[PDB]
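This report concerns only the one structure given below.
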Amino acid sequence: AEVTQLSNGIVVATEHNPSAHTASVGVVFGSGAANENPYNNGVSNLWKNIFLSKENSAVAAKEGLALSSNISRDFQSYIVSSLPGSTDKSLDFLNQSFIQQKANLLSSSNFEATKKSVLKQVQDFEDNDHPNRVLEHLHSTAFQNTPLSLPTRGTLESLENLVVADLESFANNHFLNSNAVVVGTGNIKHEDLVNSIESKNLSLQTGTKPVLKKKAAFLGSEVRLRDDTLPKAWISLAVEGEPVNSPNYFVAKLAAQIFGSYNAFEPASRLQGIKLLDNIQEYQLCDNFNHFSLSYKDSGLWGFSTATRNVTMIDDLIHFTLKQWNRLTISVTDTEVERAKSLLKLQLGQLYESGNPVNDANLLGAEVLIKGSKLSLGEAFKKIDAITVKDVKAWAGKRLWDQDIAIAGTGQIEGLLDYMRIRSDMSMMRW
Amino acid sequence: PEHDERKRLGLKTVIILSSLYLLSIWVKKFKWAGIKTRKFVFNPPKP
Ligand SMILES: CCCCCCCCCCCO[C@@H]1O[C@H](CO)[C@@H](O[C@H]2O[C@H](CO)[C@@H](O)[C@H](O)[C@H]2O)[C@H](O)[C@H]1O
């Protein structure tokens with residue numbers, strides 16, 4: 001992970017990789033679902049889909065280019081992939097699609113079909129993707145009536161009320177130069193991509209700043225979507241976590257790594273050095289779980305998600321997990337922190353250094369849009385190696401011990417007890 | 001003969017219990033706040 005960034009109005013950032021074999025060029029905006037309203041919610045997912053439209057994709061396919069678009073909470077990306085030399089043609093397609101096709105892609109035939117696609121797409125997700133649907137409701141109840149609560153794909157209600165005018169108004173306010181970063185990852189060199197950008201000119205949609213509003217706030221609450229027809233109980237629970245640029249960003253991630261992820265069906269997963277495993281395998285409290293330390297611009301979420309068929313012992317699953325979390329404040333051991341350090345590094349490694357250029361493009365853009373430059377692993381590893389048991393305890397003492405929680409769940413959740421019973425387990429009795 | 005002493009202890013007992021009673025109500029309302037304001041919504045499932 002090595003960065004290089006320059007500017008001339010349009011901020012350009014790249015990251016060379018001599019052993020790439022391909023290259024990805026694109027634009028990333030510092031506005032995602034958290035920059036939408038409860039009524040135009042889904043407008044970004046809508047943009048993503050028209051950019052990947054059938055027509056637009058053919059025009060790129062003939063050019064030997066592959067398209068990619070990712071909608072998140074804080075950022076939004078549109079990336080083009082090609083061979084290392086065809087990079088000059090990728091920028092032409094980008095310039096063509098976002099500085100000329102302001103009405104090409106927004107035709108009544110293309111739009112109504114795309115709208116129809118994302119509509120069925122989202123209907124399916126809400127209908128069958130239980131673990132992600134639950135996790136989305138977790139964000140929805142935790143940050144309710146606040147920016148961070150809106151689902152990245154949007155709601156079926158506001159999705160079907162959208163018109164080309166909604167797409168345009170969003171573009172006019174967010175697809176601006178001051179809210180973007182041109183990204184180039186793969187094998188291409190920095191002092192070469194900027195030239196092709198300087199080769200052209202104009203300034204259509206510039207000078208203007210994006211809009212502002214209220215900041216994300218965590219609220220202790222819950223949303224229960226009971227469905228007895230499903231074969232499992234899917235739940236997600238979390239406390240208010242850390243925002244990107246928080247002093248405890250790495251400490252929180254190390255804490256999540258301590259409890260990690262688990263798949264009851266994979267032999268090696270059952271053997272991990274996570275004390276919680278000794279409590280949940282006796283009666284097989286779940287099929288799987290995974291801890292997380294989600295971080296965004298305004299706030300974060302630290303917690304876990306689980307899936308279980310043991311619908312009569314959900315109280316034990318929750319009880320044991322939260323009881324292990326208490327340990328982070330009062331008894332986490334040195335070895336537990338050292339095992340977490342090793343594995344956090346490993347995960348940060350697989351994330352920041354995959355052989356995939358589109359992954360690096362999204363990470364580069366989204367990061368420079370906040371801190372001004374992507375963080376190197378070498379520095380990340382140094383901060384991770386410096387984390388002490390005390391750091392973890394001090395952190396747990398403020399974000400975990402006797403703190404409000406956000407819960408969401410669907411399926412056979414009758415066995416999931418009331419809020420207070422769950423909230424109580426966030427601390428222990430003592431003299 | 002216990003009259004005087006009986007009434008003195010009665011004052012003590014009744015002040016403590018009156019306090020205990022009001023305290024218990026406040027505490028009860030707090031532990032029930034989440035249930036008392038719980039909201040429900042029905043969306044007829046698709047057949
Ligand atoms: C039979 C008649 C006899 C009656 C005797 C009365 C008993 C009184 C017990 C009083 C307090 O016992 C005390 O309770 C509080 C919760 O209220 C516990 O607190 C625990 O939960 C609270 C949250 O609600 C956390 O903030 C706290 O960090 C945690 O330690 C504390 O650790 C325990 O020591």
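The chains referred to below are lettered A, B, ... by the order of the sequence lines, with proteins before strands, and numbering in each begins at 1. All ligand and atom numbering here is 1-based and tracks the order in the structure. We use all heavy atoms of the structure for the numbers below, so side chains are in, but hydrogens, waters and symmetry mates are not.
- Electrostatic pairing of A/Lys345 and A/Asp385 counts as a salt bridge here, judged by a charged N lying under 4.0 Å from a carboxylate O.
- A salt bridge links A/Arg224 to A/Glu222: at least one charged side-chain nitrogen sits closer than 4.0 Å to a carboxylate oxygen.
- Checked against the 6.0 Å centroid criterion, the rings of A/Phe29 and A/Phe175 qualify as a close aromatic pair.
- Protein residues with a heavy atom closer than 4.0 Å to ligand 1 are A/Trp401, A/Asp402, A/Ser427, A/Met428, A/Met429, A/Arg430, listed by chain and number.
- For the pair A/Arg399 and A/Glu242, the salt-bridge criterion is met [side-chain N within less than 4.0 Å of a carboxylate O].
- When ring centroids are compared, A/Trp234 and A/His137 stay outside the 6.0 Å threshold.
- Close placement of the A/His139 and A/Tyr296 rings is indicated, their centers lying within 6.0 Å of each other.
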